[PDB]
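Peer 1: Have a look at this one before I ask anything.
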Amino acid sequence: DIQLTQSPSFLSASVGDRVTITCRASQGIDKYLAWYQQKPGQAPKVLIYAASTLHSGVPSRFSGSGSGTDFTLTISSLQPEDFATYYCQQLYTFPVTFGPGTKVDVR
Amino acid sequence: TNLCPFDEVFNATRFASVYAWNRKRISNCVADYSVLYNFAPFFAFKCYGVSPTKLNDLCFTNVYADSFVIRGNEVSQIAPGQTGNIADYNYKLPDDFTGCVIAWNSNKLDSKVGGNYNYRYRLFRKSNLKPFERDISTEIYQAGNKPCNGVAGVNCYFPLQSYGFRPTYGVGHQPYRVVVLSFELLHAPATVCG
Amino acid sequence: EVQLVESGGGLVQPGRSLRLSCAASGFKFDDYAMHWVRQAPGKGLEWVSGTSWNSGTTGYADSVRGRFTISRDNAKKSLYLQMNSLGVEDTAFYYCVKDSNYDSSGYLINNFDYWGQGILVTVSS
């Protein structure tokens with residue numbers, strides 16, 4: 001079925017920087033993709049569904065773009081609470097599969 | 001003074017299929033229709049008998065709220081006195097209907113890349129319908145020639161049909177949700193006001 | 001808010017069987033779907049199973065296909081996952097995760113909205 005790959009595999013960014021994460025599929029999945037965030041020791045939460053629309057509660061600095069096979073996730077001003085890992089999730093059809101994971105550590 | 005729920009009729013996840021439309025007996029309210037413009041930019045918001053700009057300051061009685069989901073190019077059969085396969089077999093309003101027909105596009109909610117085979121309609125029937133009455137019985141339709149003895153296939157037809165609701169269809173076939181309020185206006189007690 | 005408590009986690013031996021449980025409170029359960037997703041202590045996330053609003057369309061991943069079975073019971077506001085013929089690789093935290101749209105993965109407005117605390121089922125013995 002569908003396979004998701006993430007690039008880069010590691011980053012080290014300081015406070016205030018800008019970060020871009022990439023995500024690719026084996027085929028065209030047509031925008032049905034989300035992005036998640038997990039800090040170590042707690043539960044993950046929703047940030048963006050359908051790659052362009054945010055969920056309620058998170059600030060408007062989070063934004064995603066792109067369609068087709070490649071997807072991007074960017075934050076203009078990084079924050080000290082955002083130091084965590086970020087996962088993709090495809091949603092074209094069953095079976096659902098995720099991304100391998102890219103974590104954000106201090107620099 | 002308690003605002004009675006339009007949000008459990010409008011802003012809900014499951015909309016029922018058109019052969020069994022929901023009925024919510026809404027009464028004992030102080031209802032204001034300012035909430036209807038915030039939820040969606042409407043595809044067709046037609047009212048019959050009362051104008052929408054003076055809809056707030058009346059005082060109704062026996063207000064109903066129905067809910068279903070149908071195609072794109074046949075949302076215009078939810079009206080008084082239309083004719084087709086929707087308005088004779090699933091949902092017919094009477095010719096003296098005096099409420100409001102609300103229908104907005106819902107392609108994001110109710111459409112899969114696979115077939116969303118839950119939303120169904122009735123396609124064949126013995127005779128037409130009375131107003132405001134539904135049929136949920138699934139007995140096999142006789143084609144009119146010979147008995148089938150409850151066997152689907154030839155000499156008969158299974159009376160229901162499924163929708164596809166794929167995003168590659170277009171604006172004529174992606175699903176529209178329909179909410180039709182039915183005021184029985186100017187009777188005695190008049191429990192609903194603004 | 002949304003409260004999802006889960007139980008049934010315990011140290012078990014490979015070759016056994018167990019049933020996971022997940023209670024729900026704070027929303028309308030039969031209108032929203034449900035899923036299960038596991039996370040290994042060293043690895044990331046991997047989607048286990050998925051169910052519909054009335055168990056209309058259920059699908060599993062190709063790894064746990066057959067060994068697992070989901071069921072929906074709207075009466076008790078509960079959720080059930082039954083695991084049979086476990087291996088040593090299935091030591092993970094199983095999150096009882098609430099979906100958002102009524103039925104499944106394909107619909108555009110799908111996002112794994114609320115996630116439970118998760119319980120570890122560690123099977124090494």
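Peer 1: Work out the P(r) tail for chain C: percent of alpha carbon pairs separated by more than 24 Å, whole number.
Peer 2: When all Cα pairs of chain C are counted, 22 percent exceed 24 Å.
Peer 1: Could you tally the net charge around C:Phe112, taking each other residue with its Cβ under 11 Å from the Cβ of C:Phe112, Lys/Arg +1 and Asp/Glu -1?
Peer 2: 0
Peer 1: Still on this structure: Let me know the number of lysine pairs in chain B closer than 25 Å at the Cα, not counting same-chain pairs under 8 apart.
Peer 2: 11
Peer 1: How much net charge surrounds A:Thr97 when only the other residues with a Cβ under 10 Å from the Cβ of A:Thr97 are counted, with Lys and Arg +1 and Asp and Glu -1?
Peer 2: The answer is -3.
Peer 1: Give me the percent relative contact order of the range B:82-161, please, defined on Cα pairs under 8 angstrom at least 6 residues apart.
Peer 2: Relative CO of the range B:82-161 lands at 33 percent.
Peer 1: Scan the range B:131-179 for chymotrypsin sites (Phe, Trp or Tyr not before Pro) in coil per DSSP, keeping those whose Cβ has at most 16 other Cβ atoms within 10 Å, and list them by number.
Peer 2: Counting only loop positions with at most 16 other Cβ atoms within 10 Å, the chymotrypsin sites (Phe, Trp or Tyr not before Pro) in the range B:131-179 are B:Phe132, B:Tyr169.
Peer 1: Right, next: Over the whole of C:56-64, what's the average partner chain Cβ count within 10 Å per residue? Rounded to a whole number, please.
Peer 2: Rounded to a whole number, the mean comes out at 3.
Peer 1: Can I ask one more? For A:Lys45, go through the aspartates and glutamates and keep the ones whose alpha-carbon is under 16 Å away, minus same-chain ones fewer than eight residues off.
Peer 2: Cα-Cα hits under 16 Å: A:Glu81, A:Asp82, C:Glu1, C:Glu46, C:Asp99, C:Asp113.
Peer 1: If you don't mind, there's one more thing I want to ask. Spin-label point model (7 Å from Cα, Cβ direction): what's the C:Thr69 to B:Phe45 distance in nm?
Peer 2: Label-label distance for C:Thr69 and B:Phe45, simple model: 5.1 nm.
Peer 1: Which of the peptides B:148-154, B:26-32 is most tightly packed, and how do the rest follow, going by the mean number of other Cβ atoms within 10 Å of each residue?
Peer 2: B:26-32, B:148-154
Peer 1: Now for a separate question. Given an 8 Å cut-off on Cα distances and at least 6 residues of separation, report the relative contact order of chain A as a percent.
Peer 2: 37 percent
Peer 1: Can you give the extra length, in nm with one decimal, that the chain gains between B:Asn73 and B:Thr191 once fully stretched, where that is 0.36 nm per residue apart less the Cα-Cα distance?
Peer 2: 38.8 nm
Peer 1: Here's another thing I want to ask about it. Net charge near C:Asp62: determine it from the other residues with C-beta under 15 Å of the C-beta of C:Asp62, scoring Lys and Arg +1 and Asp and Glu -1.
Peer 2: -1
Because the Cβ atoms are built from the backbone with ideal geometry, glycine has one as well, and the counts that use them run over all protein chains shown. Here, each number is a calculation from the coordinates, and none is a lab measurement.
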